[PDB]
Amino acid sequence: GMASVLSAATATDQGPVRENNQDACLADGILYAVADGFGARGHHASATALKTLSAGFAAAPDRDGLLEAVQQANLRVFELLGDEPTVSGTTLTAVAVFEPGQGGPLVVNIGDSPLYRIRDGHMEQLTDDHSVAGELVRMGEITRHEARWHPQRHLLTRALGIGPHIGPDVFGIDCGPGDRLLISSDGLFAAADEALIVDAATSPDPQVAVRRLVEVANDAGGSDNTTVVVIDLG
């Protein structure tokens, strides 16, 4: 029989516009994550968040430990960056592909770096975006497609590292053998045709998929950093 995780891949692309790649990603064991930093020290925010997340999860690799690790990541980023004259911080979306005995696969997310499930050729977003546009989706006022073009898409309503308390979303992931999970920064959906994103995201080899995903985003203009983590489930 097959393992729960068959394989995983990551890619990140600065793009031709941004002067820094302030995204970060993690793929290690059953833990996968993307962090999209913002502000003058957004690179520091996303890298520190993932370093802290990784260490905390390793110390306690269960649901409560993951949640604790996210809390510790928040506090560490805020302790390091909170006295700056402008605000820097990061999104964080973390997936732990737990076995059923540990409650099954789990997502913890803050900000707007979505988790998607790819199943039978369809790609759908499982997480809510904590942005002005994303809150309008959560309120049932606009569609996710509409949110891509909303003029305040870029303004976050929740972020890691900006204050001492955070309330991430936490939920099980309804997935199973043959599904693919994708974690992405918001750069992926900045501009490109959705069909071509899906074409890339369904590439059978996950290492091809991640390269094609960031190429699609770059070819469309590369206005933002794009980072993707693909996980194939068995």
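Residues carry their position along the shown sequence, with the first being 1.
As recorded in the PDB entry, 80 to 88 is the stretch of 96 to 104 and 80 to 88 with the greater mean C-alpha temperature factor. If you average the C-alpha B-factors over 30 to 38 and over 164 to 172, the higher value belongs to 164 to 172. For the set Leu115, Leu156, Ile110, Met123, the PDB entry puts the maximum C-alpha B factor at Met123.
Comparing C-alpha B-factors across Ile183, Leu50, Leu188, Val208 in the deposited entry, the largest value falls on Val208. For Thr227, the recorded CA temperature factor ranks within the lowest third of the chain's modelled residues. When the modelled residues of the chain are ordered by their C-alpha B factor, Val17 lands in the highest third. Among all modelled residues in this chain, the alpha-carbon of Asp128 has a temperature factor (C-alpha) in the middle third. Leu67 sits in the middle third of its chain by CA B factor, as recorded in the PDB entry.
Per the PDB record, residue ranking by Cα B-factor puts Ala195 in the highest third of the chain.
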